[PDB]
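*Asks:* I'm passing along target16.pdb; it holds PDB, C-alpha atoms.
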ATOM      1  CA  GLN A  54      17.124 -18.847 -15.488  1.00  0.00           C
ATOM      2  CA  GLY A  55      15.781 -18.819 -19.014  1.00  0.00           C
ATOM      3  CA  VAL A  56      16.792 -22.053 -20.702  1.00  0.00           C
ATOM      4  CA  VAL A  57      18.079 -21.706 -24.244  1.00  0.00           C
ATOM      5  CA  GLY A  58      16.875 -23.714 -27.195  1.00  0.00           C
ATOM      6  CA  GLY A  59      18.205 -24.392 -30.634  1.00  0.00           C
ATOM      7  CA  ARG A  60      16.986 -24.040 -34.198  1.00  0.00           C
ATOM      8  CA  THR A  61      18.631 -24.416 -37.566  1.00  0.00           C
ATOM      9  CA  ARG A  62      19.394 -21.105 -39.258  1.00  0.00           C
ATOM     10  CA  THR A  63      16.484 -21.796 -41.605  1.00  0.00           C
ATOM     11  CA  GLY A  64      14.381 -23.212 -38.762  1.00  0.00           C
ATOM     12  CA  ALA A  65      11.358 -21.997 -36.843  1.00  0.00           C
ATOM     13  CA  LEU A  66      11.752 -19.242 -34.268  1.00  0.00           C
ATOM     14  CA  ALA A  67      10.147 -21.360 -31.515  1.00  0.00           C
ATOM     15  CA  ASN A  68       9.958 -19.049 -28.508  1.00  0.00           C
ATOM     16  CA  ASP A  69      11.280 -20.703 -25.338  1.00  0.00           C
ATOM     17  CA  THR A  70      10.958 -20.127 -21.615  1.00  0.00           C
ATOM     18  CA  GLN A  71      12.297 -17.258 -19.530  1.00  0.00           C
ATOM     19  CA  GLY A  72      13.804 -16.990 -16.106  1.00  0.00           C
ATOM     20  CA  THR A  73      11.872 -16.202 -12.980  1.00  0.00           C
ATOM     21  CA  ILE A  74      12.675 -13.203 -10.835  1.00  0.00           C
ATOM     22  CA  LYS A  75      10.593 -12.815  -7.711  1.00  0.00           C
ATOM     23  CA  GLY A  76      10.079 -10.250  -5.022  1.00  0.00           C
ATOM     24  CA  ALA A  77      11.738 -11.558  -1.916  1.00  0.00           C
ATOM     25  CA  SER A  78      10.417  -9.654   1.069  1.00  0.00           C
ATOM     26  CA  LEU A  79      11.455  -9.821   4.687  1.00  0.00           C
ATOM     27  CA  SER A  80      10.366  -7.273   7.243  1.00  0.00           C
ATOM     28  CA  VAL A  81      11.971  -5.831  10.340  1.00  0.00           C
ATOM     29  CA  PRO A  82       9.617  -7.310  12.931  1.00  0.00           C
ATOM     30  CA  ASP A  83       7.201  -5.445  15.105  1.00  0.00           C
ATOM     31  CA  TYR A  84       8.811  -7.405  17.895  1.00  0.00           C
ATOM     32  CA  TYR A  85      11.535  -5.987  20.120  1.00  0.00           C
ATOM     33  CA  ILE A  86      14.378  -7.740  21.820  1.00  0.00           C
ATOM     34  CA  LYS A  87      13.841  -5.787  25.010  1.00  0.00           C
ATOM     35  CA  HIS A  88      14.872  -5.578  28.634  1.00  0.00           C
ATOM     36  CA  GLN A  89      13.459  -3.063  31.085  1.00  0.00           C
ATOM     37  CA  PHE A  90      14.192  -2.477  34.737  1.00  0.00           C
ATOM     38  CA  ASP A  91      12.439  -0.363  37.331  1.00  0.00           C
ATOM     39  CA  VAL A  92      14.871   1.178  39.802  1.00  0.00           C
ATOM     40  CA  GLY A  93      13.861   3.526  42.581  1.00  0.00           C
ATOM     41  CA  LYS A  94      15.757   6.770  42.921  1.00  0.00           C
ATOM     42  CA  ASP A  95      16.362   5.670  46.497  1.00  0.00           C
ATOM     43  CA  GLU A  96      18.192   2.588  45.221  1.00  0.00           C
ATOM     44  CA  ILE A  97      20.127   4.655  42.680  1.00  0.00           C
ATOM     45  CA  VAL A  98      21.426   7.204  45.187  1.00  0.00           C
ATOM     46  CA  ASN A  99      21.742   4.791  48.107  1.00  0.00           C
ATOM     47  CA  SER A 100      23.841   2.270  46.231  1.00  0.00           C
ATOM     48  CA  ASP A 101      25.887   5.131  44.804  1.00  0.00           C
ATOM     49  CA  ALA A 102      26.628   6.492  48.268  1.00  0.00           C
ATOM     50  CA  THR A 103      26.995   3.121  49.996  1.00  0.00           C
ATOM     51  CA  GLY A 104      28.362   0.916  47.223  1.00  0.00           C
ATOM     52  CA  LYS A 105      31.272  -1.279  48.237  1.00  0.00           C
TER      53      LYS A 105
ATOM     54  CA  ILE B 106      14.448  -2.701  -8.638  1.00  0.00           C
ATOM     55  CA  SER B 107      16.607  -2.033 -11.675  1.00  0.00           C
ATOM     56  CA  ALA B 108      16.077  -5.600 -12.877  1.00  0.00           C
ATOM     57  CA  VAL B 109      12.316  -5.131 -13.219  1.00  0.00           C
ATOM     58  CA  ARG B 110      12.602  -1.538 -14.427  1.00  0.00           C
ATOM     59  CA  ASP B 111      14.062  -3.089 -17.568  1.00  0.00           C
ATOM     60  CA  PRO B 112      12.725  -6.601 -18.231  1.00  0.00           C
ATOM     61  CA  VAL B 113      14.207  -6.599 -21.738  1.00  0.00           C
ATOM     62  CA  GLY B 114      17.587  -5.602 -20.346  1.00  0.00           C
ATOM     63  CA  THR B 115      17.628  -8.433 -17.846  1.00  0.00           C
ATOM     64  CA  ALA B 116      16.175 -10.825 -20.396  1.00  0.00           C
ATOM     65  CA  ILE B 117      19.150 -10.155 -22.661  1.00  0.00           C
ATOM     66  CA  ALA B 118      21.446 -10.416 -19.646  1.00  0.00           C
ATOM     67  CA  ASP B 119      19.889 -13.693 -18.476  1.00  0.00           C
ATOM     68  CA  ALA B 120      19.780 -15.366 -21.886  1.00  0.00           C
ATOM     69  CA  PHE B 121      23.200 -13.930 -22.684  1.00  0.00           C
ATOM     70  CA  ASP B 122      24.798 -15.300 -19.519  1.00  0.00           C
ATOM     71  CA  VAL B 123      23.155 -18.689 -20.087  1.00  0.00           C
ATOM     72  CA  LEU B 124      24.102 -18.535 -23.755  1.00  0.00           C
ATOM     73  CA  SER B 125      27.712 -18.522 -22.600  1.00  0.00           C
ATOM     74  CA  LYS B 126      26.778 -21.290 -20.180  1.00  0.00           C
ATOM     75  CA  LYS B 127      25.221 -23.540 -22.812  1.00  0.00           C
ATOM     76  CA  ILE B 128      28.081 -22.697 -25.177  1.00  0.00           C
ATOM     77  CA  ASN B 129      30.555 -23.788 -22.508  1.00  0.00           C
ATOM     78  CA  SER B 130      28.576 -26.940 -21.783  1.00  0.00           C
ATOM     79  CA  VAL B 131      28.426 -28.082 -25.397  1.00  0.00           C
ATOM     80  CA  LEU B 132      32.139 -27.531 -25.962  1.00  0.00           C
ATOM     81  CA  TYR B 133      32.631 -30.692 -23.899  1.00  0.00           C
ATOM     82  CA  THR B 134      29.742 -33.006 -24.814  1.00  0.00           C
ATOM     83  CA  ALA B 135      28.323 -32.345 -28.271  1.00  0.00           C
ATOM     84  CA  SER B 136      28.385 -35.282 -30.645  1.00  0.00           C
ATOM     85  CA  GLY B 137      28.247 -32.951 -33.642  1.00  0.00           C
ATOM     86  CA  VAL B 138      24.642 -33.680 -34.585  1.00  0.00           C
ATOM     87  CA  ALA B 139      22.629 -30.523 -35.282  1.00  0.00           C
ATOM     88  CA  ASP B 140      19.893 -31.180 -32.741  1.00  0.00           C
ATOM     89  CA  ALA B 141      18.535 -29.745 -29.504  1.00  0.00           C
ATOM     90  CA  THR B 142      21.131 -31.663 -27.461  1.00  0.00           C
ATOM     91  CA  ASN B 143      24.494 -31.367 -29.227  1.00  0.00           C
ATOM     92  CA  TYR B 144      23.606 -28.083 -30.919  1.00  0.00           C
ATOM     93  CA  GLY B 145      25.576 -28.833 -34.079  1.00  0.00           C
ATOM     94  CA  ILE B 146      28.918 -28.181 -32.420  1.00  0.00           C
ATOM     95  CA  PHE B 147      31.438 -31.008 -32.249  1.00  0.00           C
ATOM     96  CA  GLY B 148      33.064 -29.985 -28.978  1.00  0.00           C
ATOM     97  CA  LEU B 149      35.643 -32.415 -27.632  1.00  0.00           C
ATOM     98  CA  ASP B 150      33.851 -35.714 -27.050  1.00  0.00           C
ATOM     99  CA  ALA B 151      32.933 -35.810 -30.729  1.00  0.00           C
ATOM    100  CA  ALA B 152      36.232 -34.328 -31.810  1.00  0.00           C
ATOM    101  CA  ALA B 153      38.472 -36.564 -29.729  1.00  0.00           C
ATOM    102  CA  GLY B 154      36.183 -39.359 -28.583  1.00  0.00           C
ATOM    103  CA  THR B 155      34.497 -40.726 -25.500  1.00  0.00           C
ATOM    104  CA  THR B 156      36.270 -44.019 -24.774  1.00  0.00           C
ATOM    105  CA  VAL B 157      39.643 -45.503 -25.649  1.00  0.00           C
TER     106      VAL B 157
ATOM    107  CA  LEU C   3      -2.240   4.859  11.540  1.00  0.00           C
ATOM    108  CA  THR C   4      -3.563   1.633  13.064  1.00  0.00           C
ATOM    109  CA  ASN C   5      -6.086   1.772  10.217  1.00  0.00           C
ATOM    110  CA  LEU C   6      -5.161   4.920   8.255  1.00  0.00           C
ATOM    111  CA  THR C   7      -2.178   3.315   6.501  1.00  0.00           C
ATOM    112  CA  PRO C   8      -3.425   0.312   4.537  1.00  0.00           C
ATOM    113  CA  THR C   9      -0.928  -2.069   3.023  1.00  0.00           C
ATOM    114  CA  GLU C  10      -2.037  -1.128  -0.490  1.00  0.00           C
ATOM    115  CA  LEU C  11      -0.982   2.496   0.060  1.00  0.00           C
ATOM    116  CA  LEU C  12       2.497   1.629   1.363  1.00  0.00           C
ATOM    117  CA  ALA C  13       4.995   1.524  -1.487  1.00  0.00           C
ATOM    118  CA  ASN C  14       7.652  -0.610   0.260  1.00  0.00           C
ATOM    119  CA  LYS C  15      10.543   0.576  -1.869  1.00  0.00           C
ATOM    120  CA  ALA C  16      12.978  -2.250  -2.520  1.00  0.00           C
ATOM    121  CA  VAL C  17      16.736  -2.346  -2.275  1.00  0.00           C
ATOM    122  CA  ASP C  18      18.079  -2.077  -5.802  1.00  0.00           C
ATOM    123  CA  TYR C  19      19.469  -5.608  -5.606  1.00  0.00           C
ATOM    124  CA  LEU C  20      18.808  -8.331  -8.163  1.00  0.00           C
ATOM    125  CA  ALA C  21      19.985 -11.713  -6.970  1.00  0.00           C
ATOM    126  CA  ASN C  22      21.128 -13.770  -9.964  1.00  0.00           C
ATOM    127  CA  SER C  23      24.247 -15.595  -8.830  1.00  0.00           C
ATOM    128  CA  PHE C  24      23.825 -18.374 -11.331  1.00  0.00           C
ATOM    129  CA  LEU C  25      26.506 -20.553 -12.834  1.00  0.00           C
ATOM    130  CA  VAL C  26      28.307 -18.175 -15.174  1.00  0.00           C
ATOM    131  CA  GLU C  27      31.785 -19.681 -15.076  1.00  0.00           C
ATOM    132  CA  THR C  28      32.730 -20.539 -18.631  1.00  0.00           C
ATOM    133  CA  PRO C  29      36.439 -21.317 -18.305  1.00  0.00           C
ATOM    134  CA  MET C  30      36.491 -23.789 -21.187  1.00  0.00           C
ATOM    135  CA  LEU C  31      34.768 -21.053 -23.120  1.00  0.00           C
ATOM    136  CA  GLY C  32      37.081 -18.636 -21.321  1.00  0.00           C
ATOM    137  CA  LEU C  33      40.028 -20.435 -22.802  1.00  0.00           C
ATOM    138  CA  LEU C  34      40.009 -19.957 -26.576  1.00  0.00           C
ATOM    139  CA  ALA C  35      37.399 -17.169 -26.446  1.00  0.00           C
ATOM    140  CA  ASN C  36      39.270 -13.937 -27.099  1.00  0.00           C
ATOM    141  CA  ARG C  37      40.755 -15.789 -30.086  1.00  0.00           C
ATOM    142  CA  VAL C  38      37.462 -16.825 -31.683  1.00  0.00           C
ATOM    143  CA  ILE C  39      37.633 -16.378 -35.458  1.00  0.00           C
ATOM    144  CA  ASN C  40      34.548 -15.024 -37.221  1.00  0.00           C
ATOM    145  CA  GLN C  41      34.647 -16.315 -40.784  1.00  0.00           C
ATOM    146  CA  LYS C  42      32.640 -14.916 -43.645  1.00  0.00           C
ATOM    147  CA  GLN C  43      32.370 -18.532 -44.817  1.00  0.00           C
ATOM    148  CA  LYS C  44      30.611 -21.469 -43.223  1.00  0.00           C
ATOM    149  CA  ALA C  45      33.455 -23.962 -43.629  1.00  0.00           C
ATOM    150  CA  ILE C  46      36.790 -24.580 -41.942  1.00  0.00           C
ATOM    151  CA  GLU C  47      39.437 -26.092 -44.198  1.00  0.00           C
ATOM    152  CA  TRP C  48      42.887 -27.050 -43.005  1.00  0.00           C
ATOM    153  CA  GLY C  49      45.427 -29.685 -43.819  1.00  0.00           C
ATOM    154  CA  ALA C  50      46.695 -32.549 -41.744  1.00  0.00           C
ATOM    155  CA  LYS C  51      49.834 -34.528 -42.481  1.00  0.00           C
ATOM    156  CA  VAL C  52      48.609 -37.941 -41.376  1.00  0.00           C
ATOM    157  CA  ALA C  53      51.486 -40.126 -42.600  1.00  0.00           C
TER     158      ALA C  53
ATOM    159  CA  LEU D   3       8.150 -12.708 -20.460  1.00  0.00           C
ATOM    160  CA  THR D   4       5.702 -11.819 -17.738  1.00  0.00           C
ATOM    161  CA  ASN D   5       7.782 -13.903 -15.364  1.00  0.00           C
ATOM    162  CA  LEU D   6      10.727 -11.476 -15.132  1.00  0.00           C
ATOM    163  CA  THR D   7       8.267  -8.881 -13.786  1.00  0.00           C
ATOM    164  CA  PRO D   8       6.651 -10.409 -10.710  1.00  0.00           C
ATOM    165  CA  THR D   9       3.693  -8.451  -9.437  1.00  0.00           C
ATOM    166  CA  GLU D  10       5.293  -8.282  -5.989  1.00  0.00           C
ATOM    167  CA  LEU D  11       8.228  -6.277  -7.362  1.00  0.00           C
ATOM    168  CA  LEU D  12       6.044  -3.797  -9.271  1.00  0.00           C
ATOM    169  CA  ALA D  13       5.392  -0.608  -7.273  1.00  0.00           C
ATOM    170  CA  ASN D  14       2.371   0.974  -8.914  1.00  0.00           C
ATOM    171  CA  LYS D  15       2.449   4.723  -8.593  1.00  0.00           C
ATOM    172  CA  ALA D  16      -0.658   6.137  -6.975  1.00  0.00           C
ATOM    173  CA  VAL D  17      -2.791   9.097  -7.910  1.00  0.00           C
ATOM    174  CA  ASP D  18      -1.916  11.450  -5.084  1.00  0.00           C
ATOM    175  CA  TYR D  19      -5.598  11.733  -4.258  1.00  0.00           C
ATOM    176  CA  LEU D  20      -7.664  10.621  -1.280  1.00  0.00           C
ATOM    177  CA  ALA D  21     -11.413  10.023  -1.479  1.00  0.00           C
ATOM    178  CA  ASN D  22     -11.868  12.129   1.650  1.00  0.00           C
ATOM    179  CA  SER D  23     -15.213  13.578   0.582  1.00  0.00           C
ATOM    180  CA  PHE D  24     -17.102  13.149   3.825  1.00  0.00           C
ATOM    181  CA  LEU D  25     -19.641  15.415   5.474  1.00  0.00           C
ATOM    182  CA  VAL D  26     -17.817  18.572   6.517  1.00  0.00           C
ATOM    183  CA  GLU D  27     -20.921  20.710   5.974  1.00  0.00           C
ATOM    184  CA  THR D  28     -21.467  22.440   9.331  1.00  0.00           C
ATOM    185  CA  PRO D  29     -23.587  25.576   8.876  1.00  0.00           C
ATOM    186  CA  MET D  30     -25.197  25.445  12.319  1.00  0.00           C
ATOM    187  CA  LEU D  31     -21.676  25.596  13.666  1.00  0.00           C
ATOM    188  CA  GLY D  32     -20.871  27.715  10.602  1.00  0.00           C
ATOM    189  CA  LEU D  33     -22.979  30.653  11.589  1.00  0.00           C
ATOM    190  CA  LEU D  34     -21.995  31.529  15.169  1.00  0.00           C
ATOM    191  CA  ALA D  35     -18.497  30.130  14.644  1.00  0.00           C
ATOM    192  CA  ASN D  36     -16.379  33.218  14.081  1.00  0.00           C
ATOM    193  CA  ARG D  37     -18.107  34.647  17.169  1.00  0.00           C
ATOM    194  CA  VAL D  38     -17.018  31.876  19.511  1.00  0.00           C
ATOM    195  CA  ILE D  39     -16.204  33.413  22.882  1.00  0.00           C
ATOM    196  CA  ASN D  40     -13.046  31.922  24.381  1.00  0.00           C
ATOM    197  CA  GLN D  41     -13.543  32.665  28.065  1.00  0.00           C
ATOM    198  CA  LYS D  42     -10.935  32.404  30.790  1.00  0.00           C
ATOM    199  CA  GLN D  43     -13.762  31.513  33.179  1.00  0.00           C
ATOM    200  CA  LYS D  44     -15.906  28.407  33.132  1.00  0.00           C
ATOM    201  CA  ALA D  45     -19.253  30.155  33.614  1.00  0.00           C
ATOM    202  CA  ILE D  46     -21.416  32.452  31.505  1.00  0.00           C
ATOM    203  CA  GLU D  47     -23.512  34.744  33.699  1.00  0.00           C
ATOM    204  CA  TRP D  48     -25.864  37.357  32.281  1.00  0.00           C
ATOM    205  CA  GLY D  49     -29.078  39.108  33.175  1.00  0.00           C
ATOM    206  CA  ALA D  50     -32.506  38.399  31.739  1.00  0.00           C
ATOM    207  CA  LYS D  51     -35.485  40.626  32.441  1.00  0.00           C
ATOM    208  CA  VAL D  52     -38.020  37.834  32.883  1.00  0.00           C
ATOM    209  CA  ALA D  53     -40.945  40.083  33.788  1.00  0.00           C
TER     210      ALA D  53
END
Produce structure tokens that represent the structure in this file.
*Replies:*
Amino acid sequence: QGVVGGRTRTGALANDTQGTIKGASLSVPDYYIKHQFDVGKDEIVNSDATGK
Amino acid sequence: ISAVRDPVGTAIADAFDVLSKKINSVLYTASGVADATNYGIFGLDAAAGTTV
Amino acid sequence: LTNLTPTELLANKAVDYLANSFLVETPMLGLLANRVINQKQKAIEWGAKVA
Amino acid sequence: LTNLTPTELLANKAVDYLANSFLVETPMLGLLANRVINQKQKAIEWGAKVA
């Protein structure tokens, strides 16, 4: 934040400091949370037919 | 962002929300002296007093 | 592309969100604020029965 | 008050122009281009009176 100063009405102008605003920057990562499975069609239709 | 698309606007807003902040702060502790600490105002600790 | 989009040509438009959440509570100022008196004179004169 | 305008938050507009002035000059291809024969067969057979 820009701090304030103080001068008498008939005092010097005396420029003071300003705040800082900055560019915060995150990024959606290149990296996936992933999970892949290879399932044969034989497993898919054999379990389906003979699934307890 | 809208803050940087108007640095004067946010400079007024920043100084003008910390003006109120410094004004609030000095209403408590401001010994009345017209300096860079007590800012001329008498507040309460110079109005009433610090100790018994 | 892997090389046909350099960083310097990607705008990266920002969310229109400025993040000043600074101390702005002025309750002591908040009290006795909407009743601030703006005098045309620099002095404040009032009496006080002290005895 | 340069500080309230960080460079990171300044999105310079770009001249919508690309310095893509490479060598597209192809006259060898140019002539004998509109007469490219798109054949449904892989081979080009033709007679030549060689004597």
*Asks:* What does the ChimeraX specification (/A :<7) & /B select in this file, as an mmCIF file with C-alpha atoms, in the coordinates of the input?
*Replies:*
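Saved as result-v4.cif:
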data_model
loop_
_atom_site.group_PDB
_atom_site.id
_atom_site.type_symbol
_atom_site.label_atom_id
_atom_site.label_comp_id
_atom_site.auth_asym_id
_atom_site.auth_seq_id
_atom_site.Cartn_x
_atom_site.Cartn_y
_atom_site.Cartn_z
ATOM 1 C CA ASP B 119 19.889 -13.693 -18.476
ATOM 2 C CA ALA B 120 19.780 -15.366 -21.886
ATOM 3 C CA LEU B 124 24.102 -18.535 -23.755
ATOM 4 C CA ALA B 141 18.535 -29.745 -29.504
ATOM 5 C CA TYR B 144 23.606 -28.083 -30.919
#
*Asks:* Please write as a VMD selection string the full residue list that the ChimeraX specification (/B :<8) & /D yields on this file.
*Replies:* chain D and resid 3 6 to 7 11 to 12
*Asks:* Return as a VMD selection string the set of residues that the PyMOL selection byres ((chain D) within 9 of (chain C)) yields on the displayed structure.
*Replies:* chain D and resid 11 13 to 16
*Asks:* Padding 8 Å on every side, please: axis-aligned box over the listed atoms of stretch 69-87 of chain A, centre and edge lengths to one decimal in Å, as AutoDock Vina command-line options.
*Replies:*
--center_x 10.8 --center_y -13.1 --center_z -0.2 --size_x 23.2 --size_y 31.3 --size_z 66.3
*Asks:* What does chain D look like once superposed on chain C, all Cα atoms paired in sequence order, least squares? Give it as a PDB file with C-alpha atoms, in the frame of the given file.
*Replies:*
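Final file, out09.pdb:
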ATOM      1  CA  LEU D   3      -4.063   4.134  13.837  1.00  0.00           C
ATOM      2  CA  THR D   4      -2.874   1.360  11.582  1.00  0.00           C
ATOM      3  CA  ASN D   5      -6.070   1.774   9.602  1.00  0.00           C
ATOM      4  CA  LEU D   6      -5.132   5.100   7.966  1.00  0.00           C
ATOM      5  CA  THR D   7      -2.123   3.309   6.437  1.00  0.00           C
ATOM      6  CA  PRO D   8      -3.497   0.384   4.445  1.00  0.00           C
ATOM      7  CA  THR D   9      -0.841  -2.031   3.296  1.00  0.00           C
ATOM      8  CA  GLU D  10      -2.066  -1.668  -0.288  1.00  0.00           C
ATOM      9  CA  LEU D  11      -1.158   2.033  -0.307  1.00  0.00           C
ATOM     10  CA  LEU D  12       2.333   1.503   1.141  1.00  0.00           C
ATOM     11  CA  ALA D  13       5.010   1.302  -1.576  1.00  0.00           C
ATOM     12  CA  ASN D  14       7.978  -0.348   0.096  1.00  0.00           C
ATOM     13  CA  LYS D  15      11.221   0.823  -1.414  1.00  0.00           C
ATOM     14  CA  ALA D  16      13.377  -2.012  -2.674  1.00  0.00           C
ATOM     15  CA  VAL D  17      17.068  -2.656  -2.289  1.00  0.00           C
ATOM     16  CA  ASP D  18      18.213  -2.036  -5.837  1.00  0.00           C
ATOM     17  CA  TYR D  19      19.760  -5.489  -5.880  1.00  0.00           C
ATOM     18  CA  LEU D  20      18.958  -8.648  -7.816  1.00  0.00           C
ATOM     19  CA  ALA D  21      19.965 -12.113  -6.617  1.00  0.00           C
ATOM     20  CA  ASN D  22      21.356 -12.853 -10.074  1.00  0.00           C
ATOM     21  CA  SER D  23      24.212 -15.019  -8.817  1.00  0.00           C
ATOM     22  CA  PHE D  24      23.892 -17.887 -11.254  1.00  0.00           C
ATOM     23  CA  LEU D  25      26.575 -19.952 -12.940  1.00  0.00           C
ATOM     24  CA  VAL D  26      28.438 -17.651 -15.310  1.00  0.00           C
ATOM     25  CA  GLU D  27      31.700 -19.551 -14.810  1.00  0.00           C
ATOM     26  CA  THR D  28      32.744 -20.567 -18.337  1.00  0.00           C
ATOM     27  CA  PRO D  29      36.484 -21.299 -18.453  1.00  0.00           C
ATOM     28  CA  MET D  30      36.275 -23.888 -21.231  1.00  0.00           C
ATOM     29  CA  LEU D  31      34.715 -21.141 -23.295  1.00  0.00           C
ATOM     30  CA  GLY D  32      36.937 -18.753 -21.324  1.00  0.00           C
ATOM     31  CA  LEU D  33      40.188 -20.004 -22.708  1.00  0.00           C
ATOM     32  CA  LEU D  34      39.811 -20.005 -26.504  1.00  0.00           C
ATOM     33  CA  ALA D  35      37.278 -17.171 -26.342  1.00  0.00           C
ATOM     34  CA  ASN D  36      39.305 -14.112 -27.275  1.00  0.00           C
ATOM     35  CA  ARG D  37      40.611 -16.190 -30.198  1.00  0.00           C
ATOM     36  CA  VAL D  38      37.205 -16.869 -31.711  1.00  0.00           C
ATOM     37  CA  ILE D  39      37.530 -16.741 -35.488  1.00  0.00           C
ATOM     38  CA  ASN D  40      34.619 -14.894 -37.088  1.00  0.00           C
ATOM     39  CA  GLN D  41      34.694 -16.290 -40.612  1.00  0.00           C
ATOM     40  CA  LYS D  42      32.837 -14.934 -43.614  1.00  0.00           C
ATOM     41  CA  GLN D  43      32.662 -18.509 -44.911  1.00  0.00           C
ATOM     42  CA  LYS D  44      30.760 -21.400 -43.404  1.00  0.00           C
ATOM     43  CA  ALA D  45      33.553 -23.973 -43.671  1.00  0.00           C
ATOM     44  CA  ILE D  46      36.915 -24.478 -41.985  1.00  0.00           C
ATOM     45  CA  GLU D  47      39.327 -26.316 -44.278  1.00  0.00           C
ATOM     46  CA  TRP D  48      42.899 -27.111 -43.289  1.00  0.00           C
ATOM     47  CA  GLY D  49      45.553 -29.698 -43.965  1.00  0.00           C
ATOM     48  CA  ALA D  50      46.597 -32.512 -41.662  1.00  0.00           C
ATOM     49  CA  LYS D  51      49.623 -34.675 -42.365  1.00  0.00           C
ATOM     50  CA  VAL D  52      48.052 -37.971 -41.324  1.00  0.00           C
ATOM     51  CA  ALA D  53      51.033 -40.144 -42.233  1.00  0.00           C
TER      52      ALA D  53
END
*Asks:* Using atom CA of residue B:156 and atom CA of residue C:25 as the two end points, give the distance in Å to one decimal.
*Replies:*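 So the answer is 28.1 Å.
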*Asks:* What are the residues of chain C that have an atom within 9 Å of an atom of chain A, counting all atoms listed in the file, as number ranges by chain?
*Replies:* C: 16, 20-22, 24
*Asks:* What separation in Å, quoted to one decimal, exists between atom CA of residue A:79 and atom CA of residue B:123?
*Replies:*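 Computing it gives 28.8 Å between the two atoms.
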*Asks:* List as a PyMOL selection string: which residues have an atom within 12 Å of (38.7, -22.8, -23.0), counting all atoms listed in the file?
*Replies:* (chain B and resi 125+128-133+148-149) or (chain C and resi 27-38)
*Asks:* So how many Å separate atom CA of residue A:88 and atom CA of residue A:104, to one decimal?
*Replies:*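 That distance, rounded to one decimal, is 23.9 Å.
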*Asks:* Contacts of residue B:152 at 9 Å or less, counting all atoms listed in the file, minus same-chain residues fewer than 4 places along, as a compact mmCIF listing (two decimals) with C-alpha atoms, in the frame of the given file?
*Replies:*
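Result file part33.txt:
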# COMPACT_ATOMS: atom_id res chain seq x y z
CA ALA B 135 28.32 -32.34 -28.27
CA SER B 136 28.38 -35.28 -30.64
CA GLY B 137 28.25 -32.95 -33.64
CA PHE B 147 31.44 -31.01 -32.25
CA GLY B 148 33.06 -29.98 -28.98
